[PDB]
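Observations on the model geometry
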Amino acid sequence: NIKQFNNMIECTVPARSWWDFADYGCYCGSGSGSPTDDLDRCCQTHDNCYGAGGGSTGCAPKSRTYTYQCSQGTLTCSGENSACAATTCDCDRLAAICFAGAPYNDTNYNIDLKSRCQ
Amino acid sequence: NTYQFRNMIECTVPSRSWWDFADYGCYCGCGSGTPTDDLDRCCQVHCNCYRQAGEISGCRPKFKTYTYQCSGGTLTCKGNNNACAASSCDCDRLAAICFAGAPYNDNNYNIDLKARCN
Ligand SMILES: CC(=O)N[C@@H]1[C@@H](O)[C@H](O)[C@@H](CO)O[C@H]1O
Ligand SMILES: [Zn+2]
Ligand SMILES: [Zn+2]
């Protein structure tokens, strides 16, 4: 679930909190418009991943609790996860991994979406 | 669905672009924290409304297409709606009506979520 994703984020980017991504670019937060940078892209496909997982019967990303582990910046989804958990989990760890590698631009945080996301 | 909700808004608040609500306070865009005002609380009740609808198997509030009529400040969800569609429609409608009765504070648009909702 998102509670677990918030924490996944900190595993790979301990120097930051998920909140730095809550309102970044044109997606990290919701969804619409043209990606702003690599980071704003990591979020685009994360949402897409969730969209693919929602197609998995009875699967609710933000609410499905999975079994994962964080070990010094590296994430691992465990095996006992149901088809839905495993998919969601992977979505989140790939996103978390993608956030750590992308550049964070202060200029693209807290942006006026009504002008950059049409 | 998102598109229908956008119309209800333009319906109850013609003097504003629906973008004026895509990033207002801590909840219009959906999140967490202390609602900064009446309008923000409107969005707070709306997210929670969506969360309950998600508990109905197969119900994706954000995508469920429903039947409604929006006629000059007047919003009507039609009976021909099923549980999921009926619940979703009442969320959006009530939120649209709610917006119509709450002052819109330009200060509260595109606020720093990391610092103000955390
Ligand atoms: C396009 C659209 O209307 N999106 C709505 C937004 O207006 C509303 O402020 C927010 C919080 O309730 O939820 C979104 O789904
Ligand atoms: Zn009519
Ligand atoms: Zn913002």
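Conventions adopted
Residues numbered from 1 in each chain as written, not as in the entry; some residues may be left out. Chains lettered and ligands numbered in written order. Heavy atoms only, no water. Helix = DSSP H or I, 4+ residues; strand = E, 2+ residues; numbered from the N terminus. Expected span 1.5 Å × (residues − 1). Buried < 20%, exposed > 50% of the residue type's maximum accessible area, 1.4 Å probe, protein only. Contact = heavy atoms within 4.5 Å. Disulfide = S-S within 2.5 Å. UniProt positions renumbered as here; feature names shortened; annotations may be inferred. Pairing = 2+ DSSP bridges. Axes fitted to C-alpha atoms, helices over the stretch in contact; angles between N-to-C directions. Parallel < 35°, antiparallel > 145°, perpendicular 65-115°, else oblique. Nonpolar A, V, L, I, M, F, W, Y, C, P; charged D, E, K, R; others polar.

Per the PDB record, this model was obtained through X-ray crystallography at a reported resolution of 2.30 Å.

Further remarks concern helix α4 (residues 83-101) of chain A. All names here are of chain A. Taking 1.5 Å per residue, 19 residues should reach 27 Å; α4 reaches 27 Å between its end C-alpha atoms and fits that length. Looking only at α4, the buried set comprises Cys84, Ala85, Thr88, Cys89, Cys91, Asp92, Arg93, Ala95, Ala96 and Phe99. Among the structural elements, α1 (2-12), α2 (19-22), α3 (38-54), β1 (68-71) and β2 (74-77) are those in contact with the buried residues of α4.

Residue and element names in this part refer to chain A. For the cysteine pair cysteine 26 and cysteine 117, annotated in UniProt as disulfide-linked, the sulfur atoms lie 2.0 Å apart, consistent with the bond being present. In this pair, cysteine 26 sits in the loop between α2 and α3 while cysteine 117 sits in the segment after α5 (113-116), placing the two residues 91 residues apart along the sequence. No difference in accessibility class separates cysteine 26 from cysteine 117, as the two residues are buried.

Attention shifts here to the pairing of β2(A). Residue and element names in this part refer to chain A. Across 4 bridges, β1 lies against β2 in antiparallel orientation. When the sheet's bridge partners are listed, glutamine 69 is paired in β2 with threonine 76. Where β1 hands over to β2, the hairpin turn is made up of 2 residues, of which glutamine 72 adopts a positive phi near 45 degrees.

All names here are of chain A. Where α3 contacts α4, the axes come no closer than 9 Å and their chain directions differ by 175 degrees. Classified by the interaxial angle, the pair formed by α3 and α4 is roughly antiparallel. Only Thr87, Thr88, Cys91, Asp92, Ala95, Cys98 and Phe99 of α4 make contact with α3, whose side of the interface consists of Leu39, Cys42, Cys43, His46, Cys49, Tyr50 and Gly53. Tallied by class, residues from the contact of α3 with α4 come to 9 nonpolar, 4 polar and 1 charged.

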